[PDB]
Visitor: 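Got a structure for you, written out below as structure tokens; questions coming shortly.
Because only heavy atoms are used, hydrogens play no part in the values below, and waters and symmetry mates are left out as well, while side chains stay in. Protein chains get the first letters and strands the later ones, always in sequence-line order, with residue 1 at the start of each.
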Amino acid sequence: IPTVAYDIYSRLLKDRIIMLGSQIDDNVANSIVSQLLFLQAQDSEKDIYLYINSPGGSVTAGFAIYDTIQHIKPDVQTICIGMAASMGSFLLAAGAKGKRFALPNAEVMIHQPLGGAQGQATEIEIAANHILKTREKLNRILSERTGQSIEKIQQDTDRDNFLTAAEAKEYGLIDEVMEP
Amino acid sequence: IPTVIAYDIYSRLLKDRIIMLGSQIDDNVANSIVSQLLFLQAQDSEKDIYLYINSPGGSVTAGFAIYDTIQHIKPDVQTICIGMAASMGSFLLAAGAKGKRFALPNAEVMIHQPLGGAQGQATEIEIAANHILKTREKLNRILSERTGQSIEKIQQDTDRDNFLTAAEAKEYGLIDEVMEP
Amino acid sequence: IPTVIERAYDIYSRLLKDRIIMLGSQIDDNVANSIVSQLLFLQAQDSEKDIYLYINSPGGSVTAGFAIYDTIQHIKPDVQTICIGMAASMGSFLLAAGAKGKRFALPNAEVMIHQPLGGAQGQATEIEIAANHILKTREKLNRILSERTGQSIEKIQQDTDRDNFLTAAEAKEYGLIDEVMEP
Amino acid sequence: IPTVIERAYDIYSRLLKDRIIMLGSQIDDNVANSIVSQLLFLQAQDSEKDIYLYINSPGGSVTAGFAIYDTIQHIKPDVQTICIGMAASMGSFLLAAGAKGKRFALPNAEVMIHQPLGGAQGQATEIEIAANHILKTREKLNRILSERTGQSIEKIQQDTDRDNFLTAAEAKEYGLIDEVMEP
Amino acid sequence: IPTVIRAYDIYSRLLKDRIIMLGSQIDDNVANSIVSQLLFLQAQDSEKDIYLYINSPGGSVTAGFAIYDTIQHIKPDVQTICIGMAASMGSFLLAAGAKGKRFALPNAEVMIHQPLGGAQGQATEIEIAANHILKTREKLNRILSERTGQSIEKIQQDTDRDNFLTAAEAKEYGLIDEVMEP
Amino acid sequence: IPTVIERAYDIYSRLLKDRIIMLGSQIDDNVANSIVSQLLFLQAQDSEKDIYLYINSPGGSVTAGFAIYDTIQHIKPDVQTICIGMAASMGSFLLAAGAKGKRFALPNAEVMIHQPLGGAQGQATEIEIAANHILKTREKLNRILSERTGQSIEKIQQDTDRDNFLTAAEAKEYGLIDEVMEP
Amino acid sequence: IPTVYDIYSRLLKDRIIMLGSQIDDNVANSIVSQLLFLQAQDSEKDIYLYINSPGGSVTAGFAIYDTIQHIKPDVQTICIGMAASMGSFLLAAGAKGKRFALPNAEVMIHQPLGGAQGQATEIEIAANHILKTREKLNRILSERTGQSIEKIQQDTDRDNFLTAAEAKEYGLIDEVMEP
Amino acid sequence: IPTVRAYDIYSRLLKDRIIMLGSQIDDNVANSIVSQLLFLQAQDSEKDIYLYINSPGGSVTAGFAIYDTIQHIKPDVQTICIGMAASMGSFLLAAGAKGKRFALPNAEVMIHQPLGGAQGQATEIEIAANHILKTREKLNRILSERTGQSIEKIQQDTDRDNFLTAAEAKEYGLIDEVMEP
Amino acid sequence: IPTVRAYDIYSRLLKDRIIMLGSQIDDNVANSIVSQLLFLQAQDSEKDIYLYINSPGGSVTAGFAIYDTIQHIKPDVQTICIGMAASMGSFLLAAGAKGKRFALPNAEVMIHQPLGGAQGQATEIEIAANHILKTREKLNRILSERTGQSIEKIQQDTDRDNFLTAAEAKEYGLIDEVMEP
Amino acid sequence: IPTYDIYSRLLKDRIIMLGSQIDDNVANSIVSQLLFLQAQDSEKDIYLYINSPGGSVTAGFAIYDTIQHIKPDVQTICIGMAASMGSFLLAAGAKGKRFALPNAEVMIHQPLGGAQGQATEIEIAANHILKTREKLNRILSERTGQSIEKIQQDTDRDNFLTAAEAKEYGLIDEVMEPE
Ligand SMILES: *O[B@]1(*)=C2[C]=[C]C(F)=[C]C2=[C]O1
Ligand SMILES: *O[B@]1(*)=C2[C]=[C]C(F)=[C]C2=[C]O1
Ligand SMILES: *O[B@]1(*)=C2[C]=[C]C(F)=[C]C2=[C]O1
Ligand SMILES: *O[B@]1(*)=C2[C]=[C]C(F)=[C]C2=[C]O1
Ligand SMILES: *O[B@]1(*)=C2[C]=[C]C(F)=[C]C2=[C]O1
Ligand SMILES: *O[B@]1(*)=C2[C]=[C]C(F)=[C]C2=[C]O1
Ligand SMILES: *O[B@]1(*)=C2[C]=[C]C(F)=[C]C2=[C]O1
Ligand SMILES: *O[B@]1(*)=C2[C]=[C]C(F)=[C]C2=[C]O1
Ligand SMILES: *O[B@]1(*)=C2[C]=[C]C(F)=[C]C2=[C]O1
Ligand SMILES: *O[B@]1(*)=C2[C]=[C]C(F)=[C]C2=[C]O1
């Protein structure tokens with residue numbers, strides 16, 4: 001809301017800080033991707049800081065952000081404040097290795113995909129196969145980014161799983177709890 | 001609606017062993033049809049029963065409650081399609097006693113695959129998908145037995161909604177005769 | 001809906017004269033009130049002849065289901081249970097509650113077992129009370145299902161974690177019914 | 001729902017002929033008016049034979065519940081109370097109100113006790129009047145529950161501060177019922 | 001709901017014994033039914049008294065006065081018995097029973113208050129509505145004064161805000177004659 | 001609602017046997033059709049005995065009210081009118097329409113008189129037609145009220161310009177009724 | 001609303017942040033961004049956080065709480081009107097010695113609120129989570145007020161409204177600001 | 001709405017130390033008014049501030065945020081009622097610097113007791129009742145101090161809604177002067 | 001809407017001391033009109049101000065905020081009715097500087113009594129009735145002073161909605177002149 | 001929409017675009033534009049394009065009286081449709097300078113309105129709308145040269161005119177042919 005003429009977020013973007021503070025939908029992803037591409041074009045070596053306070057959102061919107069982070073040359077540090085849940089915790093784990101952080105009282109939640117399907121049996125089968133493939137894709141990447149096996153990630157996401165920042169570090173979702 | 005000298009018109013027909021299925025098939029309709037079938041069997045276990053069907057279909061489990069009761073009881077159940085028998089309605093039409101399944105000449109018969117829905121976690125969507133796929137296999141297997149068509153042909157012919165005339169339904173094996181005037 | 005000559009009965013009242021009770025809907029307090037009243041009435045008419053309870057039900061209220069369950073176990077007549085269509089959730093619990101040896105399903109009937117569902121809103125303390133209550137309810141259901149099926153409580157817990165759909169033949173193998181009724 | 005041969009009764013009317021009243025819903029003014037009328041009718045038919053009140057109820061209006069409570073205490077016949085399913089809130093209050101020695105629950109029935117719920121909107125003065133009224137109502141309920149259970153008022157106050165779910169066996173130990181009815 | 005052995009519903013069966021059950025809000029339909037039952041019972045026997053059970057949150061003031069005036073008009077005594085709650089026009093009808101024959105059960109509640117209403121429109125119309133509801137309050141207070149023995153000034157003070165009474169307090173107030181014990 | 005023994009009447013049918021008609025609602029076409037039919041039926045049963053019309057009504061449709069009014073004036077029996085509760089608008093018009101000397105109100109009944117209400121939308125020409133119609137309707141009502149009360153048309157016009165609430169005693173002084181019925 | 005900058009941007013130039021609404025993720029995002037911006041402008045000067053808030057999301061509140069504790073400047077907190085629920089938690093989170101309330105401001109403390117629907121297993125997970133959240137809040141309130149965890153648990157079982165003077169006696173603030 | 005660099009009309013008045021309170025008082029309005037008061041004090045801690053009030057009232061805690069800020073800052077805050085000051089609006093009118101509280105001649109002032117609501121368990125309703133009763137005592141005590149009336153008189157005079165003319169508000173002590181043309 | 005640095009059309013007219021009242025009168029509209037009047041007085045306390053009125057009326061207290069501000073400030077406020085001035089709109093039309101109240105020839109002026117509502121206990125309805133009756137007396141007294149008609153005539157003429165042409169409004173004393181082309 | 005916005009750019013050339021229903025907001029804007037243009041130059045004429053289904057009669061008369069009051073001629077040009085108060089404003093342009101494009105439509109009709117309440121109030125509303133119709137017909141008679149009786153007959157029901165018929169009727173002076 002406040003102005004500094006920049007709004008406060010535009011002012012932070014000048015210092016290569018991107019604030020992800022909402023549900024992740026296509027509009028949010030389009031804006032975050034555009035900010036990442038802009039920052040890379042301004043300086044391809046300096047790293048970028050992505051703050052995450054997000055309950056999650058669209059899996060495809062989340063993957064648009066995820067792939068852009070992996071594509072660009074700068075390191076993207078990720079910093080969880082408040083909560084990173086679902087695709088939010090997936091993006092937290094996607095930051096540059098060694099540069100994934102959470103503040104001490106931040107929460108991290110991991111779970112399996114949610115969705116819906118209606119229609120003929122054939123269509124329900126297509127939707128089920130699609131969401132199951134999506135879960136396998138997410139688990140495989142989380143395995144690579146955390147060092148946990150795919151079987152452990154599958155077991156640990158069967159139901160909603162809430163982690164403290166310290167537990168998220170032990171799990172491999174972040175590298176450090178940021179102390180004051 | 002009307003009363004006859006006192007029965008409503010449907011109660012009067014039930015006295016002559018006629019059951020009128022003229023709506024969507026839900027649990028209340030199935031509970032009533034099953035109860036009428038059991039009552040008629042208890043009144044006379046040898047005389048057959050006449051089930052008129054004008055129905056767009058409805059709940060698959062409600063339809064199977066009626067289907068299994070028809071197969072369970074001793075009397076033959078003749079089935080007579082007037083208007084339309086679609087989805088579980090055409091399944092019940094095909095379930096009548098062999099040789100005693102009829103449609104009137106302008107009645108329509110429609111066959112299709114099951115419809116349903118699922119929401120929730122991936123695991124729950126998978127459970128719902130497996131369930132509706134097993135339900136389709138169960139329906140196709142019975143339709144194969146009652147029509148003489150192979151399961152593969154029934155699967156192909158129900159992939160999309162398939163509307164049949166009474167004459168086509170007879171050629172298909174869903175009914176035995178088109179009832180002429 | 002239809003009426004039958006005799007005075008006059010609706011079709012369900014006519015079946016009740018032959019000791020048949022039709023459970024063909026979701027189980028709520030009104031349905032349980034009616035089923036319990038029919039069971040008590042039939043016992044008062046004849047305490048030795050058995051009763052036939054047809055079940056086509058997606059389930060419903062757990063406490064309404066237990067009102068029916070306890071009445072079945074309380075009265076002197078045997079209650080045979082016959083699943084047509086579907087017995088899910090408290091419906092499959094009542095199916096398994098019939099007199100041992102007299103629990104049936106028709107060949108294409110479906111049986112579904114699952115864990116309790118519920119909700120809670122309010123202060124942390126209130127959510128804890130609701131969670132403890134629904135967890136105790138699940139343990140109570142599993143313990144009775146274990147007794148009526150012969151499966152261990154641990155197996156019932158594993159098999160109800162997610163919705164579990166059984167064919168009539170599988171329900172017999174599981175111990176939820178005694179026989180698949182053939183034509 | 002079903003009808004019974006005799007002329008013709010619905011199932012509840014048939015049970016009422018045997019002095020059985022079925023309370024199987026939320027308690028509102030219409031339900032209380034019907035239950036009170038049935039109690040007065042049964043007393044007028046025979047002032048000595050007792051009456052059987054089955055309770056499966058989540059509770060409801062406190063004043064409707066007290067209409068039933070006071071009628072039970074007023075009439076000459078004993079009123080046995082039998083909990084099936086659940087007796088919660090004013091339902092458990094009416095369960096505890098049955099004739100001493102004749103209050104029962106089936107083994108898997110649940111009993112829940114709690115404090116009154118209500119609401120108030122308006123000027124500070126009006127909110128104060130509503131608060132005083134609901135606090136007096138709670139004291140009235142606790143005092144009667146103390147008399148009918150033998151627990152002290154202080155224990156009832158502590159045990160109803162939050163929703164308190166009891167098994168039938170716990171309800172007997174508490175003094176809300178006299179016996180768990182076994183098969 | 002239930003039927004009794006031709007065939008009566010439970011309320012019709014009680015009406016045969018001269019019992020009328022007022023168990024709802026008082027609107028024009030309820031008043032029309034209660035008035036009709038009172039006239040019917042008087043026509044059946046003009047000497048035997050009538051029993052009016054009251055469990056009511058109140059309702060329309062004019063519907064309540066239709067019942068009130070019919071009670072005062074007919075020859076039989078009308079006993080009134082509060083169970084549960086008699087609030088607003090319900091407590092007014094409770095106090096209207098035959099003197100000496102107004103009762104409440106021990107845990108019944110009685111609530112008295114001033115009239116409620118609404119008005120919208122021109123200043124002139126709001127004034128007409130205000131004058132009407134103020135005259136209605138004076139009419140109610142005057143009758144309550146006569147039936148309870150309290151002064152009009154005390155009734156006015158005691159109804160300014162909602163006033164909840166126990167059965168024992170309602171007896172002390174003069175709204176009923178006796179708390180009915182078991 | 002209640003039924004009375006004899007065959008079987010609802011309470012209103014039982015009163016109609018004694019030539020009592022109960023007008024206890026808003027006056028719409030369905031109510032007027034029923035009241036007119038009852039008046040014609042009672043005249044056909046006995047053309048000399050009078051009829052008793054109880055009125056507790058907020059009013060309603062002017063044309064439905066005139067259907068009742070003209071039927072009262074047409075038939076041979078006297079129709080006594082008795083206001084209980086409230087007779088407002090077309091209700092007070094029908095109260096004043098009873099047989100002269102046989103129009104009553106109970107002591108706390110209220111009588112309200114006012115001018116017609118209505119609405120109109122559309123072209124100027126259509127609004128003019130609707131205005132002329134409702135003004136003619138008011139003149140028709142005032143002329144009849146003048147005849148039945150003995151007040152001049154000018155006084156009735158002044159006294160109905162705004163809603164005018166009368167006590168039973170004031171309604172008698174006005175000429176809308178003949179007597180306040182005392183106990 | 002008014003321009004001078006809008007009025008809030010003008011106050012932010014003097015290191016004043018105005019928290020005047022329910023605390024949701026958007027509000028927390030903005031407050032955190034303002035705190036980081038002010039630290040980057042000057043890491044030594046303190047910051048003034050005015051609080052008039054009925055509370056809101058617990059995780060949004062902790063985003064603000066952890067940012068306050070993380071940055072180098074002291075954050076003074078000043079309650080005007082009401083600080084309830086996570087609002088009173090943030091009031092108590094200000095730099096020790098620099099937590100204030102105006103004399104007629106109200107402070108309310110309570111336990112977490114939430115909801116859960118679904119299978120028994122899911123309700124259990126939600127109950128365990130909200131109970132752990134309450135323990136986390138109580139432990140921090142104990143540290144910031146000097147009251148024991150058992151006293152905070154007892155005093156938050158039901159909604160507990162405090163005057164500014166009572167909030168000072170409790171340890172939620174350091175001083176009632178007089179005129 | 002209109003513009004007068006560029007200011008909207010309210011921003012232009014704020015440059016002359018005029019704050020316009022012309023709506024219900026909620027948390028957003030209080031946040032803005034408090035911010036304007038702090039800004040004006042920072043610009044000049046000696047010149048007084050003019051607060052125009054046309055408000056039906058609103059949140060009691062939002063009103064106290066404004067009230068305490070007025071009492072806290074160094075400048076005098078003159079208050080000027082135009083139209084209506086009701087409920088927390090009349091409380092803020094009475095809160096202006098003593099001698100500098102005004103109403104225009106046809107402005108209305110209304111005083112009343114707090115309004116609120118509560119739902120839930122008896123214990124929770126009791127907590128809400130105690131809270132709103134303490135809030136009323138706090139308001140009455142301050143109104144007593146600012147008007148010179150006793151707390152008992154304020155309690156009696158706010159039991160029901162009490163509408164005052166500007167002249168009556170001056171006689172009551174809620175304002176110091178009726179502003180004449 | 002249109003722009004003319006850069007002003008919207010209303011801001012451009014305000015530079016020439018013209019205020020356009022073209023809507024229902026609520027608290028937001030009154031707050032804006034009052035602010036414009038105070039701003040114009042501060043710019044020049046001698047030049048008069050032109051208030052165009054096309055308004056169906058609105059809140060009585062919002063209308064009195066504008067009325068009292070007009071009477072308070074030093075400049076004359078000319079009032080010019082275009083289209084319609086009804087209810088508080090016609091009250092503000094009559095409030096312009098004497099000799100400087102105008103209507104265009106086909107403009108309409110409507111006068112009536114206050115409208116309002118009340119719900120609740122008898123005591124509360126009485127308080128609301130007394131308040132709206134006092135409000136009507138206040139309006140009638142001022143209209144009497146500004147038109148030269150007696151209070152009794154204004155009371156009779158506002159009992160029902162009373163529509164006046166511009167020429168009739170001049171004869172009545174609500175305006176001084178019909179503005180001719 | 002496009003960028004001055006396009007309408008502000010046309011207003012610089014003394015063109016006002018009336019392209020919507022006529023309500024109080026539209027009339028206030030059109031009146032303000034007319035007064036502004038007169039103040040800029042009291043001799044040059046003004047061009048008012050009209051594509052409007054009509055709207056409020058009093059809002060329409062605010063525009064009508066302002067047109068007649070100001071010194072510049074106001075040319076009126078109908079494109080698309082001028083119906084009800086729209087056709088009234090079309091006929092109100094400077095005599096000789098009222099135009100329609102060849103496929104534009106002009107519709108004339110009687111006033112529409114509504115009334116609810118007591119008989120006395122319905123009578124007041126009926127008298128008011130009948131006086132409004134007489135006022136409109138009298139002005140249309142003056143601006144078209146048709147008698148009041150003919151205008152009354154021709155507006156009893158909705159009456160749709162082509163541009164050529166509107167010229168023959170006297171509502172416009174010329175059908176504008178292509179350039
Ligand atoms: O939560 B989370 C989610 C949701 C949905 C999807 F699809 C996916 C995912 C991951 O995380
Ligand atoms: O149509 B139809 C159907 C539907 C659903 C299901 F589930 C199944 C079926 C068969 O047919
Ligand atoms: O499904 B099912 C259910 C539901 C709910 C509860 F609580 C329980 C149960 C069992 O089954
Ligand atoms: O739950 B329960 C209840 C509710 C409400 C009231 F008031 C009371 C009570 C008791 O229980
Ligand atoms: O409550 B209650 C009431 C209401 C309303 C009116 F008018 C009256 C009364 C009495 O009581
Ligand atoms: O009220 B009332 C009325 C209404 C309407 C019309 F038309 C008429 C009348 C008479 O009364
Ligand atoms: O109020 B408050 C709250 C709410 C919710 C949660 F979760 C937490 C908390 C603290 O405070
Ligand atoms: O009105 B007013 C008010 C409301 C609410 C609260 F809480 C308070 C107050 C004061 O004024
Ligand atoms: O219209 B108008 C009006 C309305 C309302 C009020 F209060 C007032 C007035 C005057 O004018
Ligand atoms: O259309 B049009 C119109 C409408 C309405 C009014 F009032 C008027 C007019 C003319 O045209």
Visitor: From C/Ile11 CD1 over to B/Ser11 OG, what is the distance, rounded to the nearest 0.5 angstrom?
Guide: 8.5 Å
Visitor: With distance as the sole test, does C/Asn108 use its side chain to make a donor-acceptor pair with the main-chain N or O of B/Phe64 at under 3.5 Å?
Guide: no
Visitor: What are the two closest non-hydrogen atoms of B/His72 and C/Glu182, and how far apart are they?
Guide: CD2-O, 3.8 Å
Visitor: Nearest 0.5 Å, please: how far is OG1 in B/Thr123 from CG in C/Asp163?
Guide: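 Between C/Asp163 CG and B/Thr123 OG1, I get 11.5 Å after rounding to 0.5 Å.
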Visitor: Within the distance-only criterion (no hydrogens, no angle test), does the side chain of C/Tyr12 pair as donor or acceptor with the backbone N or O of B/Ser32 below 3.5 angstrom?
Guide: yes
Visitor: What residue in B/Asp26, B/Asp8, B/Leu38 has the most heavy-atom pairs under 4.5 Å with chain C?
Guide: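 Going by pairs under 4.5 Å, I would pick B/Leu38.
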Visitor: Quick one: OG on B/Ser35 to CZ on C/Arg14, what's the gap to the nearest 0.5 Å?
Guide: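 The CZ atom of C/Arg14 is 12.0 Å from OG of B/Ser35, to the nearest 0.5 Å.
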Visitor: Is there a salt bridge (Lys or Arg N to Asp or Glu O under 4.0 Å) between B/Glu126 and C/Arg162 once you walk through the steps?
Guide: CA-CA 11 Å; B/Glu126 179 181 28; C/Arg162 304 290 189 168; over 6 Å; no
Visitor: Can you tell me how far apart CZ (B/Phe39) and OH (C/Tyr9) are? Round to the nearest 0.5 Å.
Guide: 10.5 Å
Visitor: What part of B/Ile142 gets closer than 4.5 Å to chain C, counting heavy atoms only: side chain, backbone, both or neither?
Guide: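 When you check distances to chain C, only side chain atoms of B/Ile142 fall under 4.5 Å.
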Visitor: Nearest heavy-atom pair of C/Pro183 and B/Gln71: which atoms, and what distance?
Guide: CB-O, 3.6 Å
Visitor: Does B/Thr135 form a side-chain contact (heavy atoms from CB on, under 4.5 Å) with C/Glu110? I'd like the steps, not just the answer.
Guide: CA-CA 10 Å; B/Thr135 298; C/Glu110 294 197 348; 3.7 Å; yes
Visitor: What heavy-atom pair brings B/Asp27 and C/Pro58 nearest, and what distance separates the two atoms?
Guide: OD2-CD, 4.2 Å
Visitor: Among C/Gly85, C/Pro107, C/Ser25, C/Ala109, who wins on heavy-atom pairs under 4.5 Å with chain B?
Guide: C/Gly85
Visitor: Looking at B/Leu14 and C/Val4, what are the two nearest heavy atoms and their distance?
Guide: CD2-CG2, 4.1 Å
Visitor: Enumerate the residue pairs fulfilling ring-ring contact (aromatic ring centres under 6.0 Å, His included) with a member in residues 128-148 of chain B, sequence neighbours excluded, ordered by first and then second residue.
Guide: B/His131-C/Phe165
Visitor: Check the pair B/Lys134 / C/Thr167 against side-chain contact (heavy atoms from CB on, under 4.5 Å), numbers first and verdict last.
Guide: CA-CA 10 Å; B/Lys134 278 206 97 195; C/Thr167 66; 3.7 Å; yes
Visitor: Return yes when atom CD1 of C/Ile129 has more than 12 non-hydrogen atoms of other residues, nucleotides or ligands closer than 6.0 Å, and no otherwise.
Guide: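 Enclosed.
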Visitor: Considering only heavy atoms, which portion of C/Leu15 lies under 4.5 Å from any heavy atom of chain B: side chain, backbone, both, or neither?
Guide: side chain
Visitor: Carefully, step by step, assess B/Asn31 and C/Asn56 under the rule side-chain contact (heavy atoms from CB on, under 4.5 Å).
Guide: CA-CA 8 Å; B/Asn31 200 39; C/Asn56 182 16; 6.0 Å; no
